[PDB]
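**Q** First the structure, which I've put down as structure tokens, then a few questions once you've had a look.
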Amino acid sequence: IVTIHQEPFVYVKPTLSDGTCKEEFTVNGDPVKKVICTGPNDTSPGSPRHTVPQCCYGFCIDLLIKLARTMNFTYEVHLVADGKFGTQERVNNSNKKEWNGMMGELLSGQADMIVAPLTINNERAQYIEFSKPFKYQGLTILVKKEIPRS
Amino acid sequence: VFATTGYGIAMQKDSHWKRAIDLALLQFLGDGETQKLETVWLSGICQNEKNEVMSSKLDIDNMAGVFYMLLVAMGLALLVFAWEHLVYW
Amino acid sequence: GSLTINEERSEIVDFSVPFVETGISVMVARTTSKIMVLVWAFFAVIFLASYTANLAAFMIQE
Amino acid sequence: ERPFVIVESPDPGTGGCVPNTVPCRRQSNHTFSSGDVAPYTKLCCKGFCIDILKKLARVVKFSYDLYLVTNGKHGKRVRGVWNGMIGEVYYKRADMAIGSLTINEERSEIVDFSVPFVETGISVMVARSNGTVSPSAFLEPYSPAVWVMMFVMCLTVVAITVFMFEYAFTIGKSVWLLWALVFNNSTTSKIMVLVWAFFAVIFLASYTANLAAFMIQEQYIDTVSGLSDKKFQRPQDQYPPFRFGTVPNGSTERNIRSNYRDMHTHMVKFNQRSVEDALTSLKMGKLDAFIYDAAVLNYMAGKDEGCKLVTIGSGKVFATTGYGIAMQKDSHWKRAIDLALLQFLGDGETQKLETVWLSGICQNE
Amino acid sequence: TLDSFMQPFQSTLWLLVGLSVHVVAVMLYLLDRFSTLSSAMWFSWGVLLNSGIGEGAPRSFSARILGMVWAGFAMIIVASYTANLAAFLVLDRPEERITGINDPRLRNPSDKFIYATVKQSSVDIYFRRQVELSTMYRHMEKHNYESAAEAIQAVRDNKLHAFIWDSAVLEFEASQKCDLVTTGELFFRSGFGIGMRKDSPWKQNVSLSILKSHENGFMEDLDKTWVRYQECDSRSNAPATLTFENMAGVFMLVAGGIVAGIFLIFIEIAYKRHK
Amino acid sequence: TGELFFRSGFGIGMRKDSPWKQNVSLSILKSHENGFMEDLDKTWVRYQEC
Ligand SMILES: *[C@@H]1O[C@H](CO)[C@@H](O[C@@H]2O[C@H](CO)[C@@H](O)[C@H](O)[C@H]2NC(C)=O)[C@H](O)[C@H]1NC(C)=O
Ligand SMILES: *[C@@H]1O[C@H](CO)[C@@H](O)[C@H](O)[C@H]1NC(C)=O
């Protein structure tokens, strides 16, 4: 499985010294599920790479628990390599364009499933096989608030 | 909306027509050509309109809160009567 | 036509990508001592003019 | 013109001017004719068009002097012989003309033209956008029918009360109290005056309510839209926006002489002040709407202090055209110049040359 | 307007202060006399009304707190009246009649805003040639009118909702009669002209004299003789004026005060003085 | 600022020639009726207002 760090869907937290990330309880005192994540360098802009186990929990990870429970699965989770989602771009001084980022690691063969906020459009639909949508949304602009003077 | 799903085109199970028109439909939405078609048949006069006739004050919702604060203040005079008289005699 | 996607239908007949979203909805019908007391009276009239204007605009909110 | 070229007194401290500026000779015949007049004064020229001229000399080793046009502005074939800048080319008084020269078919016959270097259009500019209320008199919140009834039906309790109290209170004193209480300043006398005081409060609060309704549902004039607006195509009007300036002998003077004479008949109120001196009339208040090309208008819309709003803009255009440098007849310099603009079209100096002379500095909030 | 004295407060809280003045009324003649009954009755019933009827001040040094705050209760109630009345008057929007021919009212003519043209005219054919305006024509073909004068009378009598027709005639209509408004500007440009059978001898001369008259200025100057603007404009930019209906109810209560005084004074004094 | 000027959706992704394609697309639809996707909305994208 390939996953990306997006605020409300997939959280990423450093693990405790013992290896297991510390437990916590929600507003109703119910155990929130967490899974152990390998993957990123823990240093995106200031080092080449070196992997380290971490902890994940969120929307997509919660659905994967319910999804795999019915399917009788055996799953491992590893994050993306270089953050970016994916696009088609001609590599430096070559013949044809090849896929980028998260989509690349699945088409190459490094993973068999993407559980992440991936959109639906024509360009990606050529080479990948999607599923029925599990959330609807759009595009909006975020701006800074205006002071209500006095 | 509850239990959100969508409309579709029902076709025979395991057919060879699926992939062809699946990409065609994704082409339509991903270009805005469905927006022009959507604004011709799904349009209403008061879509962007909302104006309540009134919320007539002939109802005890906020003036009632004022009314009972007056009763609270009204009891202060009775308490002051005992305190003022007893402390002065 | 106006055909919806759900559990049982998708079991026996294939489907395409949804192009119009929908769901389940509910619809129902629609001296210096007295110079200060002058100041207090000055604040009282402005406070009401502020109050009634503030409530009136809050009252105009559909 | 205002934005494309600018002329000034060069530098009162050095005779010349600040660098990146070229001196030019100008002839102004605003004096008498007794002996002679020599108005050729060493001014200096700064602007966008000088940059283009200063950028072609560095390419084709051009050499030049700069002389102004002896009269108002551009011309057209009228009465048989032209009049204006083009005449200096036709009458062998010059060789080439540079600046805001809109390309056209009425002048391409008698002089050639090169490829344009801009994307301009024609738009309408109106006076400043202002928000002001329109209460004529403070007595508006009631129709005059209510006032007279209010005034007279108030006078009957004036007489009735003293009749029910005299059978003490002076006859003259009673009328004073009645007026005073309704203006909030001051069982035989109490019963009627009690609800009578209520008569004041019940309607005096409605006056506030009504004036709170006048100042909300009112609105200002809509700052009327482009050419096809209802105020223009009906030229029978003496107090509309009453301006159709359309500077005399201009390029746009011929455009309003194409098919419909309903416009050229009322466009006779033009003012000969070339651009700027007649432009301030739109800001002064004696001129309402002035029609010209959008190139020199948007820069004047933004760079000018305050706010003076042009029409819709890139959408409010008609007959979009471009400005180009003209090649005189029987002069094969076209190949030399056409390479220059096309080369300047490729390297991308159009933006750099624009942002140093044409930009939006301080847009209105 | 409607129910001046009854629109904002003619319910539970309207009679609240009617008895909320009585509870404090008796509660003062028993707060001072027990360490005048009319004095407290007239005072509170007057201070709420801000009348200049001076009477007994609160004698008790402790009773002065309720009166100084009873005015505040009276000070707050009438303010809520003013704000509420303004909101009702603002939201009485008279009309948002129509835009040009793109409004959703035009496209879907269920029953409201039926629009009719003159049968067999140029407009009725243009609406049959445009492919987009198929439903718009499909509603107009059901019913129309025979003459232009018929449509003007029907619209003025409010039997027909909207009327689509030529602009030159319609512009002269609204300006002169002044009961009518042109809905914006034109959305289709065309022209007039003489009509002659094909290959007629005068097809060249008559066309020539029209061009000559335009440059001459006779045709342009003739229009003023038959086309003009007068007596009616964009006025009525004031969406209210209090009618003689709500004030009449306001005039009604003052009449009740007159009848109450004369009847009671004549009748009650006769019984009271005699005994 | 304002409304939204485009409409799309999310979805799981799997390579071409996948056996789980038919089955996972059923669980996603099956969870929508049971209100499972509704409470997940109420868990950690809602009920967190200021
Ligand atoms: C999708 O789910 C269905 C239902 O669980 C699976 O169908 C079963 O497959 C097993 C595998 O051999 C059979 O033993 C069962 O008999 C099947 N069910 C029925 C009702 O016949 C199906 O295999 C799943 N898809 C995949 C790719 O495994
Ligand atoms: C799931 O897979 C395991 C193999 O790891 C198998 O033993 C089991 O029968 C399968 N089904 C269930 C319901 O666990």
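In the structure tokens, chains take the letters A, B, ... in the order shown, each chain's residues start at 1, and ligands count up from 1 in the order shown.
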Please, which residues have at least one atom within 12 Å of an atom of ligand 2, using only C-alpha atoms and all ligand atoms, listed as a VMD selection string?

**A** chain A and resid 68 to 75

**Q** As a list in words, please: every protein or nucleic acid residue near ligand 1 (cut-off 7 Å, counting only C-alpha atoms and all ligand atoms).

**A**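 Going residue by residue within 7 Å of ligand 1, we get residues 19, 20 and 23 of chain F.
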
**Q** Can you spit out the residues from that selection as a PDB file, in the first residue's frame, using C-alpha atoms?

**A**
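again-v5.pdb was written with the following content:
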```pdb
ATOM      1  CA  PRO F  19      -9.092  -9.467  -9.198  1.00  0.00           C
ATOM      2  CA  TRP F  20     -10.015  -7.185  -6.287  1.00  0.00           C
ATOM      3  CA  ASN F  23     -15.029  -6.733  -4.976  1.00  0.00           C
TER       4      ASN F  23
END
```

**Q** Using only C-alpha atoms, tabulate the residues of chain E lying at most 7 Å from any atom of chain C, each with its closest atom pair and that distance in Å to one decimal, by chain and increasing residue number, as JSON lines.

**A**
```
{"residue": "E:79", "atom": "CA", "partner": "C:52", "partner_atom": "CA", "distance": 5.7}
{"residue": "E:80", "atom": "CA", "partner": "C:52", "partner_atom": "CA", "distance": 6.5}
{"residue": "E:83", "atom": "CA", "partner": "C:56", "partner_atom": "CA", "distance": 4.5}
{"residue": "E:84", "atom": "CA", "partner": "C:56", "partner_atom": "CA", "distance": 6.4}
{"residue": "E:87", "atom": "CA", "partner": "C:60", "partner_atom": "CA", "distance": 6.0}
```

**Q** Return the neighbours of chain C among the residues of chain D, cut-off 12 Å, counting only C-alpha atoms, as a VMD selection string.

**A** chain D and resid 205 208 to 209 212 to 213 216

**Q** At a cut-off of 10 Å, which residues of chain B touch chain A? Count only C-alpha atoms and give the answer as a count of residues only.

**A** 14

**Q** Determine, counting only C-alpha atoms, which protein, DNA and RNA residues have an atom within 7 Å of an atom of region 43-54 of chain B; residues of the same chain fewer than 6 positions away are not included. Present the result as a ChimeraX atom specification.

**A** /C:62 /E:88,91,104-105

**Q** Please produce an output containing C-alpha atoms for each residue in the selection, written as a JSON list (two decimals), in the first residue's frame.

**A**
```json
[["chain", "number", "residue", "atom", "x", "y", "z"],
["C", 62, "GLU", "CA", -32.93, 35.44, 6.64],
["E", 88, "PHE", "CA", -40.95, 44.33, 8.30],
["E", 91, "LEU", "CA", -38.65, 43.15, 3.46],
["E", 104, "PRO", "CA", -35.60, 31.47, -15.89],
["E", 105, "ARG", "CA", -39.13, 32.91, -15.93]]
```

**Q** Write out as a PyMOL selection string all residues of chain C that backbone DSSP assigns to helix (DSSP H, G or I).

**A** chain C and resi 7-12+32-59

**Q** Go ahead and write the residues just picked, C-alpha atoms, as an mmCIF file, in the first residue's frame.

**A**
```
data_model
loop_
_atom_site.group_PDB
_atom_site.id
_atom_site.type_symbol
_atom_site.label_atom_id
_atom_site.label_comp_id
_atom_site.auth_asym_id
_atom_site.auth_seq_id
_atom_site.Cartn_x
_atom_site.Cartn_y
_atom_site.Cartn_z
ATOM 1 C CA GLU C 7 -25.768 -2.510 -3.753
ATOM 2 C CA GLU C 8 -28.151 -5.033 -5.309
ATOM 3 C CA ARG C 9 -28.269 -3.645 -8.857
ATOM 4 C CA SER C 10 -24.475 -3.657 -9.199
ATOM 5 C CA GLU C 11 -24.441 -7.377 -8.344
ATOM 6 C CA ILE C 12 -26.126 -8.621 -11.532
ATOM 7 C CA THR C 32 -18.728 70.345 37.982
ATOM 8 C CA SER C 33 -21.021 67.808 39.670
ATOM 9 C CA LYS C 34 -23.782 68.240 37.088
ATOM 10 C CA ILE C 35 -21.407 68.415 34.116
ATOM 11 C CA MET C 36 -20.825 64.679 34.567
ATOM 12 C CA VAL C 37 -24.529 63.783 34.718
ATOM 13 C CA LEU C 38 -24.824 65.565 31.371
ATOM 14 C CA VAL C 39 -22.166 63.193 30.014
ATOM 15 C CA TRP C 40 -24.088 60.162 31.291
ATOM 16 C CA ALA C 41 -27.237 61.317 29.485
ATOM 17 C CA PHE C 42 -25.105 61.795 26.367
ATOM 18 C CA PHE C 43 -23.932 58.181 26.606
ATOM 19 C CA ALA C 44 -27.456 56.879 27.243
ATOM 20 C CA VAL C 45 -28.978 58.203 24.006
ATOM 21 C CA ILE C 46 -26.075 56.947 21.887
ATOM 22 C CA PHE C 47 -26.204 53.546 23.595
ATOM 23 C CA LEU C 48 -29.857 53.076 22.617
ATOM 24 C CA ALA C 49 -29.333 54.356 19.067
ATOM 25 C CA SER C 50 -26.527 51.801 18.916
ATOM 26 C CA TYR C 51 -28.722 49.107 20.483
ATOM 27 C CA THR C 52 -31.761 49.446 18.219
ATOM 28 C CA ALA C 53 -29.570 49.687 15.120
ATOM 29 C CA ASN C 54 -27.603 46.617 16.217
ATOM 30 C CA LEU C 55 -30.740 44.531 16.805
ATOM 31 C CA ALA C 56 -32.447 45.725 13.621
ATOM 32 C CA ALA C 57 -29.578 44.514 11.429
ATOM 33 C CA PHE C 58 -29.388 41.246 13.343
ATOM 34 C CA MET C 59 -33.144 41.060 12.818
#
```

**Q** Please check the contacts: residues of chain C at most 12 Å away from chain F, using only C-alpha atoms, listed as JSON, numbers by chain.

**A** {"C": [4, 5, 6, 7, 8, 9, 10, 11, 12, 13, 14, 15, 16, 17, 18, 19, 20, 21, 23, 24]}

**Q** Based on the selection just made, write N, CA and C atoms of those residues as a PDB file, in the first residue's frame.

**A**
```
ATOM      1  N   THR C   4     -30.365   4.974 -10.379  1.00  0.00           N
ATOM      2  CA  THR C   4     -29.423   5.172  -9.288  1.00  0.00           C
ATOM      3  C   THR C   4     -28.558   3.936  -9.087  1.00  0.00           C
ATOM      4  N   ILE C   5     -27.349   4.169  -8.593  1.00  0.00           N
ATOM      5  CA  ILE C   5     -26.393   3.111  -8.292  1.00  0.00           C
ATOM      6  C   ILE C   5     -26.554   2.694  -6.839  1.00  0.00           C
ATOM      7  N   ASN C   6     -26.629   1.384  -6.606  1.00  0.00           N
ATOM      8  CA  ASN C   6     -26.671   0.874  -5.241  1.00  0.00           C
ATOM      9  C   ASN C   6     -26.153  -0.557  -5.160  1.00  0.00           C
ATOM     10  N   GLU C   7     -26.361  -1.201  -4.010  1.00  0.00           N
ATOM     11  CA  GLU C   7     -25.768  -2.510  -3.753  1.00  0.00           C
ATOM     12  C   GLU C   7     -26.303  -3.576  -4.707  1.00  0.00           C
ATOM     13  N   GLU C   8     -27.609  -3.846  -4.651  1.00  0.00           N
ATOM     14  CA  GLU C   8     -28.151  -5.033  -5.309  1.00  0.00           C
ATOM     15  C   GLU C   8     -28.060  -4.946  -6.827  1.00  0.00           C
ATOM     16  N   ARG C   9     -28.324  -3.770  -7.402  1.00  0.00           N
ATOM     17  CA  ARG C   9     -28.269  -3.645  -8.857  1.00  0.00           C
ATOM     18  C   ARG C   9     -26.873  -3.950  -9.386  1.00  0.00           C
ATOM     19  N   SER C  10     -25.835  -3.449  -8.715  1.00  0.00           N
ATOM     20  CA  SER C  10     -24.475  -3.657  -9.199  1.00  0.00           C
ATOM     21  C   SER C  10     -24.045  -5.117  -9.132  1.00  0.00           C
ATOM     22  N   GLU C  11     -24.810  -5.969  -8.446  1.00  0.00           N
ATOM     23  CA  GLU C  11     -24.441  -7.377  -8.344  1.00  0.00           C
ATOM     24  C   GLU C  11     -24.634  -8.109  -9.667  1.00  0.00           C
ATOM     25  N   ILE C  12     -25.727  -7.828 -10.374  1.00  0.00           N
ATOM     26  CA  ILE C  12     -26.126  -8.621 -11.532  1.00  0.00           C
ATOM     27  C   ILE C  12     -25.975  -7.854 -12.838  1.00  0.00           C
ATOM     28  N   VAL C  13     -25.843  -6.530 -12.783  1.00  0.00           N
ATOM     29  CA  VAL C  13     -25.683  -5.737 -13.996  1.00  0.00           C
ATOM     30  C   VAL C  13     -24.607  -4.684 -13.768  1.00  0.00           C
ATOM     31  N   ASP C  14     -23.688  -4.559 -14.725  1.00  0.00           N
ATOM     32  CA  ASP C  14     -22.558  -3.648 -14.602  1.00  0.00           C
ATOM     33  C   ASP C  14     -23.015  -2.198 -14.653  1.00  0.00           C
ATOM     34  N   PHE C  15     -22.110  -1.266 -14.359  1.00  0.00           N
ATOM     35  CA  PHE C  15     -22.464   0.143 -14.282  1.00  0.00           C
ATOM     36  C   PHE C  15     -21.308   0.977 -14.814  1.00  0.00           C
ATOM     37  N   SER C  16     -21.599   2.244 -15.088  1.00  0.00           N
ATOM     38  CA  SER C  16     -20.605   3.201 -15.541  1.00  0.00           C
ATOM     39  C   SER C  16     -20.264   4.163 -14.405  1.00  0.00           C
ATOM     40  N   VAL C  17     -19.370   5.108 -14.679  1.00  0.00           N
ATOM     41  CA  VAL C  17     -18.976   6.113 -13.696  1.00  0.00           C
ATOM     42  C   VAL C  17     -20.145   7.070 -13.485  1.00  0.00           C
ATOM     43  N   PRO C  18     -20.452   7.452 -12.247  1.00  0.00           N
ATOM     44  CA  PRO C  18     -21.553   8.398 -12.025  1.00  0.00           C
ATOM     45  C   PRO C  18     -21.241   9.766 -12.611  1.00  0.00           C
ATOM     46  N   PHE C  19     -22.203  10.308 -13.358  1.00  0.00           N
ATOM     47  CA  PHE C  19     -22.075  11.637 -13.938  1.00  0.00           C
ATOM     48  C   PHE C  19     -22.992  12.669 -13.298  1.00  0.00           C
ATOM     49  N   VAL C  20     -23.968  12.243 -12.501  1.00  0.00           N
ATOM     50  CA  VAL C  20     -24.795  13.146 -11.706  1.00  0.00           C
ATOM     51  C   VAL C  20     -24.919  12.554 -10.310  1.00  0.00           C
ATOM     52  N   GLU C  21     -24.569  13.337  -9.296  1.00  0.00           N
ATOM     53  CA  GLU C  21     -24.588  12.880  -7.914  1.00  0.00           C
ATOM     54  C   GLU C  21     -25.963  13.113  -7.297  1.00  0.00           C
ATOM     55  N   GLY C  23     -28.766  11.381  -3.788  1.00  0.00           N
ATOM     56  CA  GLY C  23     -28.861  10.644  -2.544  1.00  0.00           C
ATOM     57  C   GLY C  23     -30.273  10.567  -2.001  1.00  0.00           C
ATOM     58  N   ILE C  24     -30.416  10.702  -0.685  1.00  0.00           N
ATOM     59  CA  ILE C  24     -31.712  10.710  -0.019  1.00  0.00           C
ATOM     60  C   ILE C  24     -31.872  12.043   0.696  1.00  0.00           C
TER      61      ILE C  24
END
```

**Q** Run DSSP on the backbone and give me the residues of chain C it puts in strand (DSSP E), as a CSV table (one decimal) with N, CA, C and O atoms, in the first residue's frame.

**A**
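Writing done, so here's result-v1.csv:
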```csv
chain,number,residue,atom,x,y,z
C,21,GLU,N,-24.6,13.3,-9.3
C,21,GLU,CA,-24.6,12.9,-7.9
C,21,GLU,C,-26.0,13.1,-7.3
C,21,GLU,O,-26.7,14.1,-7.7
C,22,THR,N,-26.3,12.2,-6.4
C,22,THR,CA,-27.7,12.3,-5.8
C,22,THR,C,-27.6,11.5,-4.4
C,22,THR,O,-26.5,11.1,-4.0
C,23,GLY,N,-28.8,11.4,-3.8
C,23,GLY,CA,-28.9,10.6,-2.5
C,23,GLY,C,-30.3,10.6,-2.0
C,23,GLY,O,-31.2,10.4,-2.8
C,24,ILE,N,-30.4,10.7,-0.7
C,24,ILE,CA,-31.7,10.7,0.0
C,24,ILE,C,-31.9,12.0,0.7
C,24,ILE,O,-31.0,12.5,1.4
```

**Q** List the spatial neighbours of residue 143 (chain A) as an NGL selection string - criterion: any atom at most 12 Å away, only C-alpha atoms, same-chain residues fewer than 3 positions off excluded.

**A** (:A and (140 or 146)) or (:F and (1-2))

**Q** Dump N, CA and C atoms for the selected residues as a compact mmCIF listing (two decimals), in the first residue's frame?

**A**
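Ended up saving to again.txt:
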```
# COMPACT_ATOMS: atom_id res chain seq x y z
N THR A 140 -11.88 25.03 -4.05
CA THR A 140 -12.21 26.32 -3.45
C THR A 140 -10.92 27.05 -3.11
N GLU A 146 -10.45 39.11 7.27
CA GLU A 146 -10.43 40.57 7.36
C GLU A 146 -10.87 41.01 8.75
N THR F 1 -13.42 31.41 0.36
CA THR F 1 -14.15 32.42 -0.39
C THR F 1 -15.14 31.76 -1.34
N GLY F 2 -16.43 31.87 -1.02
CA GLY F 2 -17.48 31.52 -1.97
C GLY F 2 -17.65 30.03 -2.17
```

**Q** For a test of reading the model, state the distance in Å between CA of residue 286 (chain D) and CA of residue 241 (chain D), rounded to one decimal.

**A**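 Value for the CA of residue 286 (chain D)-CA of residue 241 (chain D) distance: 10.2 Å.
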
**Q** Would you write out, as a tab-separated table, a table of all residues in chain F that have an atom no more than 10 Å from an atom of region 101-114 of chain A, listing for each the closest atom pair and the distance in Å to one decimal, considering only C-alpha atoms and ordering rows by chain and rising residue number?

**A**
```
residue	atom	partner	partner_atom	distance
F:11	CA	A:114	CA	9.0
F:12	CA	A:114	CA	6.0
F:13	CA	A:114	CA	5.3
F:14	CA	A:113	CA	5.2
F:15	CA	A:107	CA	6.8
F:16	CA	A:107	CA	9.2
F:18	CA	A:112	CA	9.2
```

**Q** Can you work out which one of E:184, E:201, E:195, E:18 has the shortest atom-to-atom distance to chain D, counting only C-alpha atoms?

**A**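 That would be E:184, the residue with the smallest distance to chain D.
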